[PDB]
Amino acid sequence: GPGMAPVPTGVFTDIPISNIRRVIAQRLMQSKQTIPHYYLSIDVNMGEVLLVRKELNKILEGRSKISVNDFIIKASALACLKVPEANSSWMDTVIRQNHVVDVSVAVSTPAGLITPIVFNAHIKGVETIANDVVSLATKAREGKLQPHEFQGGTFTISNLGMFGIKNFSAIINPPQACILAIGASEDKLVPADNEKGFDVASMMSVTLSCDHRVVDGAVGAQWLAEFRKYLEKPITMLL
């Protein structure tokens, strides 16, 4: 079939549609064509979260295998409550409307790209977040992962830590929203360059697409600035 936007050559069979390169191209066209955005980039300090993840390896017992994923989920969950904007499917009746908080994660399968969703109205314990890492992973291997069989997503993460991320996006459909792709990043803040000074100073990377809002670039920058602050000190989430 046809070079680009073709059905023959492609790695996609492949999640809700997407026969192959044709369908993947046609599907992406839907998102890019209806969704006028501009990715936003931020690096955050996880010198302690990485530390905490290693220290709680014992408690895990590979029950879920503590990955940055679940931590990011809980990270985005609380944050979404504080900033309701971009309410998926608009409405709600309870209680307090906003609209629960069901986040999905991309899962590149031999078939193609599935984004399983994990409930969450406004809550996600370590076990609940981790209880689905293993669950979503197993479903992944069994091609039993499709948002259609339980859509209702508010925001989705694309963890490609196996590389790097510095300002990335490509929203999907209005029914589902995209969070934040992950991949790497180092704060140019291990500033110092002295014989005697901490150096340092790591970072994960956080890139988040976002629909044109009434609000603008000022609101967009404030969101990332606060997200920066939140992940240097995750304890701020507790308060």
## Note on the structure
Working note, the stretch 36-172: Cα radius of gyration (Å, one decimal) and Dmax (Å, whole number) are 15.5, 45
### Computed [θ] at 222 nm, helices only, for the chain once each DSSP H run of length n ≥ 4 contributes -39500 (n - 2.57)
-9500 deg cm²/dmol
### Charge dipole (the chain, unit charges on Cβ, about Cα centre) - positive-most of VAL190, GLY10, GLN30
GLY10
### Message
Expected output is a single nm value to one decimal: the length gained when fully extending between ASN131 and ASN87, i.e. 0.36 nm times separation in residues minus the C-alpha distance. What is it?
### Response
13.3 nm
### Task
Quick one: P(r) of the chain from all Cα-Cα pairs, 10 Å bins, percents rounded to integers, in order of increasing distance.
7, 29, 36, 20, 6, 1, 0
### Query
Can you give the % of DSSP beta bridges in the chain that are antiparallel, to the nearest 5?
60
### Summary
Check: in the stretch 83-209 the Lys pairs 8 or more apart or on separate chains whose Cα atoms fall under 24 Å apart number 4
## Note on the structure
So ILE123 and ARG141, fully extended at 0.36 nm per residue minus their Cα-Cα distance, gain in nm 3.8 nm
### Task
Determine the dipole magnitude for the chain: charges of +1 sit on the beta-carbon of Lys and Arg, -1 on that of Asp and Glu, nothing else is charged, the reference point is the Cα centre, and the result goes in debye to the nearest 20.
420
### Message
For the pair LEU160/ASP211, report the inter-label distance in nm, with labels modelled 7 Å from Cα in the Cβ direction.
### Response
2.4
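We place every Cβ from the backbone using ideal geometry, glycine too, and count neighbours over all the protein chains shown. Computed from the coordinates by the stated procedures, all read-outs in this text should not be read as laboratory data.
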